[PDB]
Amino acid sequence: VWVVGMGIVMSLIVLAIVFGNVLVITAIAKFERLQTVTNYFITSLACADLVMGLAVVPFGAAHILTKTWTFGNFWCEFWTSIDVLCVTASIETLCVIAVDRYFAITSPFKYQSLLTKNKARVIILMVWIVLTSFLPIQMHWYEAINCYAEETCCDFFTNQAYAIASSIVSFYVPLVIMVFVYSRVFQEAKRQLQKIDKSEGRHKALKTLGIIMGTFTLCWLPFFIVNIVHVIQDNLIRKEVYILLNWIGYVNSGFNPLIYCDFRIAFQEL
Amino acid sequence: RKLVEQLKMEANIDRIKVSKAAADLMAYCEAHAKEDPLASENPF
Amino acid sequence: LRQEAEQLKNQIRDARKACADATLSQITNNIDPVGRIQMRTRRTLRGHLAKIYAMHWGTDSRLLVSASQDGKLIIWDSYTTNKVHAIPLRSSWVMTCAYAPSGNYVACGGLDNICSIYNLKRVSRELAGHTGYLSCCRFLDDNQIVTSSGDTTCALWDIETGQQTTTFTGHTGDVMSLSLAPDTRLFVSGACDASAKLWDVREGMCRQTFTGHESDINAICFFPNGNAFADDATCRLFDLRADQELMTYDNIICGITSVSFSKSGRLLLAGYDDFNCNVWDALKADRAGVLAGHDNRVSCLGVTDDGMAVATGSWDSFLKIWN
Amino acid sequence: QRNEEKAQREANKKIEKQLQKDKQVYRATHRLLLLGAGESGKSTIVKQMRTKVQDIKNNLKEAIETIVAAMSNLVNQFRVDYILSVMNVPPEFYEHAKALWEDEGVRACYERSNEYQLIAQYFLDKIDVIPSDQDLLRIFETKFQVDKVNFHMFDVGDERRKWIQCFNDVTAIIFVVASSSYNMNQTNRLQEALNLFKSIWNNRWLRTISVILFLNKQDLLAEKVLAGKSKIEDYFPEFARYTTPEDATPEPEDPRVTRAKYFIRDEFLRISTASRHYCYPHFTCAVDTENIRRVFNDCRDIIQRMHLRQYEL
Ligand SMILES: CN[C@@H]1CCc2c(ccc(O)c2O)[C@H]1O
């Protein structure tokens, strides 16, 4: 009955994934932190995590636990598209807050100039729009054709060409942007710290940046590496290793993100 | 120098009873207490 | 020399002490408690991009006026939350504002040591006789508006002539707030010298100058009956008929920001820099309840003539008009 | 009838549109308060950063005569009486004042002027020589926006200093202090300035505001240092124990003057780093025209030093 315990653990994970973003969203709505571009972006990322945990996580958990998929394929493809969109939104917001912070540091005389409520809305809307999840529903681009045809199974056996471009546009460019921006931020902070050290007498920031970089790194890199590997190399990757690792790791990312996310007063207010 | 003048001016006052003033203030608060907003006609 | 002045001060203190017949708390004992009344923000006058340092009601009990920390002056309709007029101030800093009962003009002070009266129906006139920032204003008449300045010298103006009709001086410290009685025959002023003197309308002589408070007296307001008024947390109350401290007003450690009584006088709406105004019983001398809607320190409060509700202008750019 | 509601809605929409238009500039502008010590040369920094000239000369000469009259209070006889009697102002007096300035009493008063108050001896000689080039140079708001950023300087210029408590959103508070005026009345002017800086830094309202303390008249301080008439040790006893700092960047240059300047800066920096607010010191003279550039670099080093502290690395 070890499957029962595994399912209990998965249920706890789902509940945590819901709460870790629901609390932040509720605090952002009730308090006056709104209208700030950073706060708005954090709230948007929390909303993306909440949607992902509410929709994708439980259906995938049911799929893992009970072998049969008791529902139909018309909504199953919708589930796949929703999961793709949620993962893309989480990564995109994690990159967007990085870009906002990088511009704030690198040009404070234009930091408040560039950001605006309309600008924040446009950026969030563009991030959410950036299609990559609607195409598989329509184009059906999402060799084991029976699972794509039958009703019991739901196995993700898609185009090798689609997978590479999708993974690239979803994670690789966000990875490069985040790494470059945060390295620039670290260099600027180090320069400011040395300038302060020019005072005679009288680096935690390194760890502070490293925590938030490493969370995304160690939560996202292996899944996409394995995705690219299986798109290229067919017989190398087992199914169980792919599933366990991919699903759970990326999904845990949303909770880790809420934690990474002033808020203490709002959190203590409730 | 003018402080002496101010003190002399403040010297002559017809001080009222503290108890009487307190009672008068209590009665004044009692009389006006009926129409003290602090829902039908309230603008809100 | 100064020994005569010291003797006069001692005689005044002795007369005031012996004037104490009984404690106010004795009367308060029989007074039934007001009860925990929790105000609600039935409206939210928001949309003003600054630390609003001014909050004055209108005599019509419909419109309120607030002054920016950047120079924008906006009049607000509490019923519709629609800003009727927004006249920017020539001086960037405005330290106080006031609404004339006639409503034809709205008073707006500033830190430019010049008071300017704006015409609701442009600047009608400019007053600059006093020295230092305009501490506070309250238009007594359609032509007589009382100013207040950091020069420890409050003055009366004739709006049409634009010159100081009279003069008041004598306070050691800078005066920071003034309030006028409904009888319009007297007013009070709180100064940095931890003292309050009730000047006469025309004579210019302190009727009963009291100095009970310890730190600087930030604000003072008249009782509705007009026979009494009220940086340390304590906000004492004084009865002009007896010139004593009516009641001393414990865990609070913040600074007093503004004072305003209620129509019945029972409620003494007191707002602090602790972001939460504390409403205390004026007779029972007890703390009934509090309200808190904003984030920054409260700047000023007030009560409508009709007494329907109250306003709370803070530095957080949100004027949550509690009901 | 709903016409009243429609009209009020239209008016509110127009007002909100105007406010939204103004908010961009309102947030864009950076404001600085130039709280400077009295007679510390705050005008000189303002003049460099940015009919009455003759009136100023008469005002200064009368003030110089007022100092001369005050010089009598401390410690051509008819000529001195002519100016002193005509000191208040709503040819002959001009010449009498010129002669009194030429009189040895004026030289003695200028030599012993630490207790005395003056605006000015260079102009006094110039007034005796007498507008001339740089003679006038030797809430006054300022709007001098750099080509990159919008910079507006606010002047306040009040023992209680509630004017300070009024302001809480300035980007930085300029604290001009004249280092030379340390021999110059129970407590020395430098000590009073240090007390003012302590009060400003340890201000409950001004918790999150930095101060860019430009030690003005550093050339005058070095010149007074060159002579040994009043050692800093006599005024500041801790100076004798003090030695040269480990880090030093002398211009081109006097080890004694270098020690003095670094001591003054360290004395300010101790109270600065007691307790956030970051103090950016400088050594400036009137001729130095890079004041605006230094202020710009400091300001760019404020927000960057602020955002990183604003819940970040
Ligand atoms: C079964 N879980 C899916 C499978 C494929 C996939 C995921 C996430 C982002 C993508 O771009 C994908 O192609 C995973 O969440």
# chains A, B, ... in the order shown; residues from 1 in each chain; ligands from 1
>>> residues_near_ligand(ligand="ligand 1", cutoff="9 Å", atoms="only C-alpha atoms and all ligand atoms", output="number ranges by chain")
A: 56, 60, 80, 83-88, 132-133, 142, 154-158, 162-171, 223-224, 227, 243, 246-247, 250-251
>>> closest_atom_pairs(of="chain D", to="chain A", cutoff="9 Å", atoms="only C-alpha atoms", output="tab-separated table")
residue	atom	partner	partner_atom	distance
D:24	CA	A:113	CA	7.9
D:27	CA	A:112	CA	7.8
D:28	CA	A:113	CA	7.0
D:148	CA	A:109	CA	8.1
D:149	CA	A:109	CA	6.3
D:150	CA	A:109	CA	8.8
D:245	CA	A:200	CA	8.2
D:246	CA	A:200	CA	8.0
D:247	CA	A:200	CA	7.3
D:266	CA	A:200	CA	8.9
D:269	CA	A:199	CA	8.7
D:270	CA	A:202	CA	8.6
D:273	CA	A:202	CA	7.2
D:274	CA	A:202	CA	8.9
D:278	CA	A:196	CA	8.9
D:300	CA	A:108	CA	7.1
D:301	CA	A:192	CA	7.8
D:303	CA	A:108	CA	6.1
D:304	CA	A:105	CA	5.7
D:305	CA	A:192	CA	7.1
D:307	CA	A:105	CA	6.9
D:308	CA	A:189	CA	7.3
D:311	CA	A:262	CA	8.5
D:312	CA	A:208	CA	7.7
D:313	CA	A:205	CA	4.4
>>> write_last_selection(atoms="N, CA, C and O atoms", output="mmCIF file, in the first residue's frame")
data_model
loop_
_atom_site.group_PDB
_atom_site.id
_atom_site.type_symbol
_atom_site.label_atom_id
_atom_site.label_comp_id
_atom_site.auth_asym_id
_atom_site.auth_seq_id
_atom_site.Cartn_x
_atom_site.Cartn_y
_atom_site.Cartn_z
ATOM 1 N N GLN D 24 3.771 62.225 -13.953
ATOM 2 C CA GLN D 24 5.033 61.824 -14.565
ATOM 3 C C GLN D 24 6.156 62.774 -14.168
ATOM 4 O O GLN D 24 7.226 62.340 -13.726
ATOM 5 N N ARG D 27 6.863 62.627 -10.184
ATOM 6 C CA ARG D 27 7.762 61.553 -9.779
ATOM 7 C C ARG D 27 9.141 61.692 -10.411
ATOM 8 O O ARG D 27 10.141 61.313 -9.792
ATOM 9 N N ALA D 28 9.214 62.228 -11.631
ATOM 10 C CA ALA D 28 10.487 62.302 -12.341
ATOM 11 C C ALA D 28 11.470 63.232 -11.644
ATOM 12 O O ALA D 28 12.666 62.931 -11.565
ATOM 13 N N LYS D 148 20.926 64.790 -18.092
ATOM 14 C CA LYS D 148 20.482 63.409 -17.971
ATOM 15 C C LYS D 148 19.262 63.275 -17.066
ATOM 16 O O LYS D 148 18.295 62.598 -17.424
ATOM 17 N N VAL D 149 19.287 63.914 -15.898
ATOM 18 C CA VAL D 149 18.224 63.762 -14.915
ATOM 19 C C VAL D 149 17.711 65.136 -14.508
ATOM 20 O O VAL D 149 18.402 66.149 -14.630
ATOM 21 N N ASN D 150 16.476 65.154 -14.016
ATOM 22 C CA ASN D 150 15.827 66.381 -13.571
ATOM 23 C C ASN D 150 16.174 66.611 -12.104
ATOM 24 O O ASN D 150 15.687 65.897 -11.222
ATOM 25 N N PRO D 245 45.522 59.446 8.386
ATOM 26 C CA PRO D 245 44.822 58.200 8.063
ATOM 27 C C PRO D 245 45.677 57.303 7.184
ATOM 28 O O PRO D 245 46.561 57.764 6.461
ATOM 29 N N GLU D 246 45.396 55.999 7.256
ATOM 30 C CA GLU D 246 46.120 55.043 6.427
ATOM 31 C C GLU D 246 45.916 55.338 4.947
ATOM 32 O O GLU D 246 46.867 55.291 4.158
ATOM 33 N N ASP D 247 44.687 55.653 4.555
ATOM 34 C CA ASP D 247 44.361 55.989 3.177
ATOM 35 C C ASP D 247 44.373 57.504 3.029
ATOM 36 O O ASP D 247 43.758 58.216 3.830
ATOM 37 N N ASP D 266 36.971 62.705 9.144
ATOM 38 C CA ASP D 266 36.753 61.554 10.011
ATOM 39 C C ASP D 266 35.835 61.905 11.171
ATOM 40 O O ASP D 266 35.015 61.084 11.595
ATOM 41 N N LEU D 269 32.513 61.745 9.781
ATOM 42 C CA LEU D 269 32.139 60.401 9.357
ATOM 43 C C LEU D 269 31.851 59.496 10.547
ATOM 44 O O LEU D 269 31.116 58.516 10.417
ATOM 45 N N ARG D 270 32.428 59.797 11.712
ATOM 46 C CA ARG D 270 32.128 58.998 12.897
ATOM 47 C C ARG D 270 30.655 59.102 13.268
ATOM 48 O O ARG D 270 29.968 58.083 13.426
ATOM 49 N N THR D 273 28.535 57.385 10.604
ATOM 50 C CA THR D 273 28.477 55.928 10.592
ATOM 51 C C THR D 273 28.083 55.376 11.955
ATOM 52 O O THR D 273 28.125 54.160 12.173
ATOM 53 N N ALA D 274 27.725 56.255 12.893
ATOM 54 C CA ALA D 274 27.191 55.784 14.167
ATOM 55 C C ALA D 274 25.981 54.880 13.957
ATOM 56 O O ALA D 274 25.870 53.822 14.585
ATOM 57 N N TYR D 278 23.621 57.271 4.235
ATOM 58 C CA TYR D 278 25.031 57.177 3.883
ATOM 59 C C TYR D 278 25.558 58.566 3.559
ATOM 60 O O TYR D 278 25.019 59.248 2.683
ATOM 61 N N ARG D 300 23.288 59.348 -8.335
ATOM 62 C CA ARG D 300 23.267 58.044 -8.985
ATOM 63 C C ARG D 300 23.768 56.946 -8.061
ATOM 64 O O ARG D 300 23.410 55.780 -8.247
ATOM 65 N N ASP D 301 24.586 57.293 -7.070
ATOM 66 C CA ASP D 301 25.031 56.356 -6.052
ATOM 67 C C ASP D 301 24.107 56.332 -4.842
ATOM 68 O O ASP D 301 24.433 55.688 -3.842
ATOM 69 N N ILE D 303 20.237 56.126 -5.288
ATOM 70 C CA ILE D 303 19.151 55.215 -5.640
ATOM 71 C C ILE D 303 19.682 53.800 -5.833
ATOM 72 O O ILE D 303 19.052 52.823 -5.411
ATOM 73 N N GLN D 304 20.848 53.667 -6.469
ATOM 74 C CA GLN D 304 21.468 52.352 -6.601
ATOM 75 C C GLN D 304 21.797 51.767 -5.233
ATOM 76 O O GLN D 304 21.575 50.577 -4.988
ATOM 77 N N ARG D 305 22.322 52.592 -4.328
ATOM 78 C CA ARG D 305 22.511 52.161 -2.950
ATOM 79 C C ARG D 305 21.195 52.041 -2.196
ATOM 80 O O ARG D 305 21.192 51.536 -1.070
ATOM 81 N N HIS D 307 17.919 51.001 -3.975
ATOM 82 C CA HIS D 307 17.175 49.864 -4.507
ATOM 83 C C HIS D 307 17.762 48.547 -4.021
ATOM 84 O O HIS D 307 17.023 47.619 -3.676
ATOM 85 N N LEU D 308 19.093 48.445 -3.995
ATOM 86 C CA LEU D 308 19.730 47.235 -3.491
ATOM 87 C C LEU D 308 19.329 46.970 -2.047
ATOM 88 O O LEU D 308 19.199 45.813 -1.631
ATOM 89 N N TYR D 311 14.768 45.678 -0.201
ATOM 90 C CA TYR D 311 14.421 44.258 -0.214
ATOM 91 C C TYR D 311 15.054 43.553 -1.415
ATOM 92 O O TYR D 311 14.373 43.023 -2.295
ATOM 93 N N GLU D 312 16.381 43.561 -1.437
ATOM 94 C CA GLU D 312 17.138 42.965 -2.529
ATOM 95 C C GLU D 312 18.534 42.636 -2.015
ATOM 96 O O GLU D 312 18.781 42.627 -0.804
ATOM 97 N N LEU D 313 19.444 42.351 -2.940
ATOM 98 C CA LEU D 313 20.821 42.015 -2.602
ATOM 99 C C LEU D 313 21.497 43.128 -1.810
ATOM 100 O O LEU D 313 22.509 43.680 -2.240
#
>>> interface_residues(of="chain C", to="chain D", cutoff="8 Å", atoms="only C-alpha atoms", output="PyMOL selection string")
chain C and resi 47+49+70+82-86+112
>>> interface_residues(of="chain B", to="chain C", cutoff="6 Å", atoms="only C-alpha atoms", output="ChimeraX atom specification")
/B:4,15-16,18-19,29,32-33,36-37,44
>>> write_last_selection(atoms="N, CA, C and O atoms", output="compact mmCIF listing (two decimals), in the first residue's frame")
# COMPACT_ATOMS: atom_id res chain seq x y z
N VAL B 4 5.91 90.63 32.99
CA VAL B 4 5.24 91.16 34.17
C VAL B 4 3.85 91.66 33.81
O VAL B 4 2.88 91.43 34.54
N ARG B 15 -12.39 83.02 38.40
CA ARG B 15 -12.29 81.58 38.21
C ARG B 15 -13.60 80.90 38.60
O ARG B 15 -14.19 81.20 39.64
N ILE B 16 -14.05 79.98 37.75
CA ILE B 16 -15.27 79.23 38.00
C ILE B 16 -14.92 77.96 38.75
O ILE B 16 -13.78 77.49 38.75
N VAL B 18 -14.38 74.23 39.61
CA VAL B 18 -14.03 73.07 38.80
C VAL B 18 -15.15 72.04 38.82
O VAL B 18 -15.51 71.48 37.78
N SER B 19 -15.73 71.79 39.99
CA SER B 19 -16.86 70.87 40.08
C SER B 19 -18.04 71.37 39.26
O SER B 19 -18.67 70.60 38.53
N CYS B 29 -22.89 67.57 27.40
CA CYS B 29 -22.72 66.36 26.62
C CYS B 29 -23.98 65.50 26.65
O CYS B 29 -24.30 64.83 25.66
N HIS B 32 -26.74 67.10 24.11
CA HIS B 32 -26.43 66.92 22.70
C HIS B 32 -26.20 65.46 22.33
O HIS B 32 -25.96 65.17 21.15
N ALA B 33 -26.26 64.54 23.29
CA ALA B 33 -25.92 63.15 23.02
C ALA B 33 -26.93 62.46 22.11
O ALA B 33 -26.59 61.44 21.50
N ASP B 36 -26.06 62.37 17.86
CA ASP B 36 -24.63 62.14 17.67
C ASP B 36 -24.43 60.95 16.73
O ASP B 36 -24.51 59.79 17.17
N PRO B 37 -24.19 61.19 15.44
CA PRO B 37 -24.00 60.04 14.53
C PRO B 37 -22.86 59.14 14.94
O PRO B 37 -22.96 57.91 14.81
N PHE B 44 -23.17 57.98 4.37
CA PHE B 44 -22.16 56.92 4.25
C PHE B 44 -21.22 57.16 3.07
O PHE B 44 -20.98 58.30 2.67
>>> select_by_dssp(residues="chain B", states="alpha helix (DSSP H)", output="VMD selection string")
chain B and resid 2 to 11 18 to 32
>>> atom_distance(atom1="atom CA of residue A:268", atom2="atom CA of residue A:22")
14.4 Å
>>> residues_around(residues="stretch 106-116 of chain D", least_positions_apart="2", cutoff="12 Å", atoms="only C-alpha atoms", output="PDB file with N, CA and C atoms, in the first residue's frame")
ATOM      1  N   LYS D  61      29.440  96.583   3.060  1.00  0.00           N
ATOM      2  CA  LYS D  61      30.259  97.593   3.720  1.00  0.00           C
ATOM      3  C   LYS D  61      29.597  98.081   5.001  1.00  0.00           C
ATOM      4  N   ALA D  63      27.507  96.279   6.748  1.00  0.00           N
ATOM      5  CA  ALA D  63      27.712  95.146   7.642  1.00  0.00           C
ATOM      6  C   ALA D  63      29.147  95.109   8.147  1.00  0.00           C
ATOM      7  N   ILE D  64      30.107  95.418   7.272  1.00  0.00           N
ATOM      8  CA  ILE D  64      31.497  95.527   7.703  1.00  0.00           C
ATOM      9  C   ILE D  64      31.639  96.626   8.745  1.00  0.00           C
ATOM     10  N   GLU D  65      31.011  97.778   8.498  1.00  0.00           N
ATOM     11  CA  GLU D  65      30.984  98.828   9.507  1.00  0.00           C
ATOM     12  C   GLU D  65      30.255  98.358  10.756  1.00  0.00           C
ATOM     13  N   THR D  66      29.169  97.601  10.579  1.00  0.00           N
ATOM     14  CA  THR D  66      28.484  97.019  11.727  1.00  0.00           C
ATOM     15  C   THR D  66      29.415  96.098  12.502  1.00  0.00           C
ATOM     16  N   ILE D  67      30.237  95.325  11.790  1.00  0.00           N
ATOM     17  CA  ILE D  67      31.268  94.535  12.456  1.00  0.00           C
ATOM     18  C   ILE D  67      32.279  95.451  13.131  1.00  0.00           C
ATOM     19  N   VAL D  68      32.649  96.548  12.463  1.00  0.00           N
ATOM     20  CA  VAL D  68      33.581  97.502  13.055  1.00  0.00           C
ATOM     21  C   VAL D  68      32.986  98.111  14.317  1.00  0.00           C
ATOM     22  N   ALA D  69      31.703  98.473  14.271  1.00  0.00           N
ATOM     23  CA  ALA D  69      31.022  98.906  15.486  1.00  0.00           C
ATOM     24  C   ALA D  69      30.993  97.787  16.516  1.00  0.00           C
ATOM     25  N   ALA D  70      30.714  96.560  16.072  1.00  0.00           N
ATOM     26  CA  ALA D  70      30.823  95.414  16.963  1.00  0.00           C
ATOM     27  C   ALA D  70      32.263  95.184  17.396  1.00  0.00           C
ATOM     28  N   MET D  71      33.229  95.498  16.526  1.00  0.00           N
ATOM     29  CA  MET D  71      34.630  95.412  16.923  1.00  0.00           C
ATOM     30  C   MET D  71      34.913  96.331  18.101  1.00  0.00           C
ATOM     31  N   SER D  72      34.272  97.500  18.129  1.00  0.00           N
ATOM     32  CA  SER D  72      34.348  98.353  19.308  1.00  0.00           C
ATOM     33  C   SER D  72      33.720  97.668  20.514  1.00  0.00           C
ATOM     34  N   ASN D  73      32.613  96.950  20.301  1.00  0.00           N
ATOM     35  CA  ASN D  73      31.973  96.233  21.399  1.00  0.00           C
ATOM     36  C   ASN D  73      32.895  95.162  21.968  1.00  0.00           C
ATOM     37  N   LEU D  74      33.632  94.469  21.106  1.00  0.00           N
ATOM     38  CA  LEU D  74      34.642  93.536  21.571  1.00  0.00           C
ATOM     39  C   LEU D  74      35.910  94.289  21.967  1.00  0.00           C
ATOM     40  N   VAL D  75      36.809  93.576  22.642  1.00  0.00           N
ATOM     41  CA  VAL D  75      38.077  94.135  23.106  1.00  0.00           C
ATOM     42  C   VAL D  75      37.847  95.374  23.963  1.00  0.00           C
ATOM     43  N   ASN D  76      40.393 109.850  11.864  1.00  0.00           N
ATOM     44  CA  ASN D  76      39.343 109.034  11.269  1.00  0.00           C
ATOM     45  C   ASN D  76      38.305 108.631  12.311  1.00  0.00           C
ATOM     46  N   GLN D  77      38.455 109.158  13.529  1.00  0.00           N
ATOM     47  CA  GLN D  77      37.487 108.868  14.582  1.00  0.00           C
ATOM     48  C   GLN D  77      36.102 109.377  14.206  1.00  0.00           C
ATOM     49  N   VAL D  80      34.611 107.091  11.460  1.00  0.00           N
ATOM     50  CA  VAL D  80      33.951 105.906  12.000  1.00  0.00           C
ATOM     51  C   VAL D  80      32.566 106.262  12.525  1.00  0.00           C
ATOM     52  N   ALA D  97      33.643 105.798   5.416  1.00  0.00           N
ATOM     53  CA  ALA D  97      33.753 104.349   5.541  1.00  0.00           C
ATOM     54  C   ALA D  97      35.018 103.831   4.870  1.00  0.00           C
ATOM     55  N   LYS D  98      35.361 104.375   3.700  1.00  0.00           N
ATOM     56  CA  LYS D  98      36.594 103.964   3.037  1.00  0.00           C
ATOM     57  C   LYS D  98      37.810 104.275   3.901  1.00  0.00           C
ATOM     58  N   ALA D  99      37.826 105.454   4.526  1.00  0.00           N
ATOM     59  CA  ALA D  99      38.931 105.819   5.406  1.00  0.00           C
ATOM     60  C   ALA D  99      38.982 104.921   6.636  1.00  0.00           C
ATOM     61  N   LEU D 100      37.823 104.621   7.227  1.00  0.00           N
ATOM     62  CA  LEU D 100      37.792 103.745   8.392  1.00  0.00           C
ATOM     63  C   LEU D 100      38.303 102.355   8.042  1.00  0.00           C
ATOM     64  N   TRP D 101      37.949 101.858   6.854  1.00  0.00           N
ATOM     65  CA  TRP D 101      38.524 100.606   6.374  1.00  0.00           C
ATOM     66  C   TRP D 101      40.030 100.737   6.186  1.00  0.00           C
ATOM     67  N   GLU D 102      40.486 101.901   5.721  1.00  0.00           N
ATOM     68  CA  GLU D 102      41.917 102.153   5.611  1.00  0.00           C
ATOM     69  C   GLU D 102      42.569 102.382   6.968  1.00  0.00           C
ATOM     70  N   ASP D 103      41.790 102.753   7.981  1.00  0.00           N
ATOM     71  CA  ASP D 103      42.341 102.970   9.310  1.00  0.00           C
ATOM     72  C   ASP D 103      42.867 101.664   9.892  1.00  0.00           C
ATOM     73  N   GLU D 104      43.891 101.783  10.741  1.00  0.00           N
ATOM     74  CA  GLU D 104      44.498 100.607  11.354  1.00  0.00           C
ATOM     75  C   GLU D 104      43.510  99.829  12.213  1.00  0.00           C
ATOM     76  N   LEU D 118      31.205  88.350  10.165  1.00  0.00           N
ATOM     77  CA  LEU D 118      31.321  89.045   8.893  1.00  0.00           C
ATOM     78  C   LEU D 118      30.773  88.158   7.786  1.00  0.00           C
ATOM     79  N   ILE D 119      30.414  88.789   6.673  1.00  0.00           N
ATOM     80  CA  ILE D 119      29.860  88.075   5.531  1.00  0.00           C
ATOM     81  C   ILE D 119      30.933  87.240   4.843  1.00  0.00           C
ATOM     82  N   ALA D 120      34.505  88.304   3.856  1.00  0.00           N
ATOM     83  CA  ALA D 120      34.032  89.544   3.252  1.00  0.00           C
ATOM     84  C   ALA D 120      35.131  90.597   3.224  1.00  0.00           C
ATOM     85  N   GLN D 121      36.292  90.261   3.793  1.00  0.00           N
ATOM     86  CA  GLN D 121      37.414  91.193   3.783  1.00  0.00           C
ATOM     87  C   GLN D 121      37.929  91.436   2.371  1.00  0.00           C
ATOM     88  N   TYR D 122      37.864  90.422   1.504  1.00  0.00           N
ATOM     89  CA  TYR D 122      38.273  90.614   0.117  1.00  0.00           C
ATOM     90  C   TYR D 122      37.405  91.659  -0.569  1.00  0.00           C
ATOM     91  N   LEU D 124      35.704  93.933   1.069  1.00  0.00           N
ATOM     92  CA  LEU D 124      35.934  95.180   1.793  1.00  0.00           C
ATOM     93  C   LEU D 124      37.129  95.929   1.222  1.00  0.00           C
ATOM     94  N   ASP D 125      38.215  95.212   0.941  1.00  0.00           N
ATOM     95  CA  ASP D 125      39.315  95.815   0.198  1.00  0.00           C
ATOM     96  C   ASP D 125      38.862  96.220  -1.198  1.00  0.00           C
ATOM     97  N   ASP D 128      36.821  99.251  -0.816  1.00  0.00           N
ATOM     98  CA  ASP D 128      37.795 100.333  -0.736  1.00  0.00           C
ATOM     99  C   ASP D 128      38.426 100.590  -2.098  1.00  0.00           C
ATOM    100  N   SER D 180      36.844  75.769   7.706  1.00  0.00           N
ATOM    101  CA  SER D 180      37.734  76.790   8.245  1.00  0.00           C
ATOM    102  C   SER D 180      37.180  77.387   9.532  1.00  0.00           C
ATOM    103  N   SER D 181      35.873  77.632   9.579  1.00  0.00           N
ATOM    104  CA  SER D 181      35.257  78.314  10.716  1.00  0.00           C
ATOM    105  C   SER D 181      35.190  77.354  11.904  1.00  0.00           C
ATOM    106  N   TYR D 182      36.368  77.048  12.436  1.00  0.00           N
ATOM    107  CA  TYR D 182      36.483  76.231  13.633  1.00  0.00           C
ATOM    108  C   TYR D 182      37.093  76.973  14.807  1.00  0.00           C
ATOM    109  N   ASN D 183      37.927  77.981  14.550  1.00  0.00           N
ATOM    110  CA  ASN D 183      38.384  78.850  15.627  1.00  0.00           C
ATOM    111  C   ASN D 183      37.302  79.832  16.051  1.00  0.00           C
ATOM    112  N   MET D 184      36.382  80.165  15.151  1.00  0.00           N
ATOM    113  CA  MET D 184      35.296  81.086  15.465  1.00  0.00           C
ATOM    114  C   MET D 184      34.255  80.414  16.351  1.00  0.00           C
ATOM    115  N   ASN D 185      28.609  82.699  22.060  1.00  0.00           N
ATOM    116  CA  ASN D 185      29.688  81.982  21.393  1.00  0.00           C
ATOM    117  C   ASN D 185      30.379  81.023  22.356  1.00  0.00           C
ATOM    118  N   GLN D 186      29.585  80.164  22.997  1.00  0.00           N
ATOM    119  CA  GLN D 186      30.146  79.216  23.953  1.00  0.00           C
ATOM    120  C   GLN D 186      30.887  78.084  23.250  1.00  0.00           C
ATOM    121  N   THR D 187      30.331  77.573  22.154  1.00  0.00           N
ATOM    122  CA  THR D 187      30.884  76.426  21.451  1.00  0.00           C
ATOM    123  C   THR D 187      31.341  76.830  20.056  1.00  0.00           C
ATOM    124  N   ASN D 188      32.395  76.169  19.582  1.00  0.00           N
ATOM    125  CA  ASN D 188      32.969  76.489  18.284  1.00  0.00           C
ATOM    126  C   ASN D 188      31.980  76.188  17.163  1.00  0.00           C
ATOM    127  N   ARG D 189      32.114  76.937  16.065  1.00  0.00           N
ATOM    128  CA  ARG D 189      31.190  76.788  14.947  1.00  0.00           C
ATOM    129  C   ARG D 189      31.260  75.389  14.349  1.00  0.00           C
ATOM    130  N   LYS D 224      44.425  78.704   6.874  1.00  0.00           N
ATOM    131  CA  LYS D 224      44.495  78.904   8.316  1.00  0.00           C
ATOM    132  C   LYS D 224      45.372  77.846   8.968  1.00  0.00           C
ATOM    133  N   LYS D 229      48.711  80.060  14.332  1.00  0.00           N
ATOM    134  CA  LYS D 229      48.189  80.974  15.343  1.00  0.00           C
ATOM    135  C   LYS D 229      47.248  80.262  16.305  1.00  0.00           C
ATOM    136  N   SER D 230      46.355  79.427  15.783  1.00  0.00           N
ATOM    137  CA  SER D 230      45.434  78.646  16.599  1.00  0.00           C
ATOM    138  C   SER D 230      45.436  77.211  16.099  1.00  0.00           C
TER     139      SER D 230
END
>>> residues_around(residues="residue C:99", least_positions_apart="4", cutoff="7 Å", atoms="only C-alpha atoms", output="ChimeraX atom specification")
/C:56-58,65,103,106-107,139
